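One chain comes next, on its own, written as structure tokens: the form deposited in one PDB entry.
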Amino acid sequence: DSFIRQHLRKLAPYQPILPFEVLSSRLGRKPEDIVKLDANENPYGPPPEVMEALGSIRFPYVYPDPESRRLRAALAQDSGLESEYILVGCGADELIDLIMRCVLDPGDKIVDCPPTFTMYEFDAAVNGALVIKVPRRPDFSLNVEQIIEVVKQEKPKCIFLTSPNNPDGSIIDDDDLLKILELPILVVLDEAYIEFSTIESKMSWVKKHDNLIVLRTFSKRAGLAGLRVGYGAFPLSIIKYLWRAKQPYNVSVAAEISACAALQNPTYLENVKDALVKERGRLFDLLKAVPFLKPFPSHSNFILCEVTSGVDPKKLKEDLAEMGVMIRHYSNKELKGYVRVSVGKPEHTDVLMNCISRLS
């Protein structure tokens, strides 16, 4: 019948997607003219040292350093955590997948707290794990009482927690995180958006908690989503096995060089973060004035809006796309009544608001 595992054959058929360069040409626009606010990308791009370095790669024909030593030394300086705790991956996506495949046997359970990042449930499915959903409360805070109860009853092995959360941008309180860390479970804290907040990274907590992992990325604030480079802080008892099991070469020389180059320009990284945090405030006020949008407070580089007044989030998203403006809408049941608008340049917000006005 088939060589493919039956569990994977039960996944929904792949729905092809047209690149935004294809939407661009279908609208008769240049790709750079699309206002792309649907993936939390940083439209300022990375510091100028990155493109200078990418254009002068001296050894493209040599395998990259599988230990990412240069970058891990730079991340140890950046984070204050010793490099022996730090692993680099081809995006934080690779590290989420690596953790699941190294921790979860077939049928093991993870806890998820929706609405949250869709890759946790996708990676659970492809890795043969079951998901226990413990929905967030109406203000998007964790229901810690329910997490404790399901963890005691069903004995899941892992819980993935995003802070600031995707898609609403709220943060997890220290006491809530510590309560969950008391449970016999591996806690993966995803700090993909932490730089847009004034909250300190918890990378250093892995020295005191051997059931905590903290994940970070260059994809968002550092403007390197296309290059695929992220990293995490891991307890020594975990990372010793991840070194043994990980693929050697998924992090390309272009990823290594770009991340190192980005860290050479802290002024640029601070300034672009400050520009996006400032625009987040302006965008919030502008969305709040739209009669059919109810934005939520956010510590990230995006704003979630409840769509009200009988307006359909899918039609709104499709109408904006026809005008050359991309925002995020949701197919799943937990998020079908919302849209998520990423923070871009002020000019991007202006185009978005002008298009919303024309649709209102």
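Residues that one form lacks are left out of the comparison. Numbers follow the displayed sequence, beginning with 1. What we label the rigid core is the largest C-alpha set whose atoms superpose within 1.5 Å from one form to the other.
Just so you know, the form deposited in another entry exists too; it's not on screen, but the next bit is about it.
- If you fit the rigid core between this form and the one not shown, you'll see the Cα of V351 move by less than 2 angstroms.
- After superposing the rigid core, the C-alpha of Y338 moves by less than 2 Å between this form and the one not shown.
- Comparing the forms between this form and the one not shown, the C-alpha position of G310 differs by less than 2 angstroms, with the core used for superposition.
- After fitting on the rigid core, stretches of 3+ residues whose CA atoms all move by 2 angstroms or more between this form and the one not shown lie at 12 to 23, 25 to 28.
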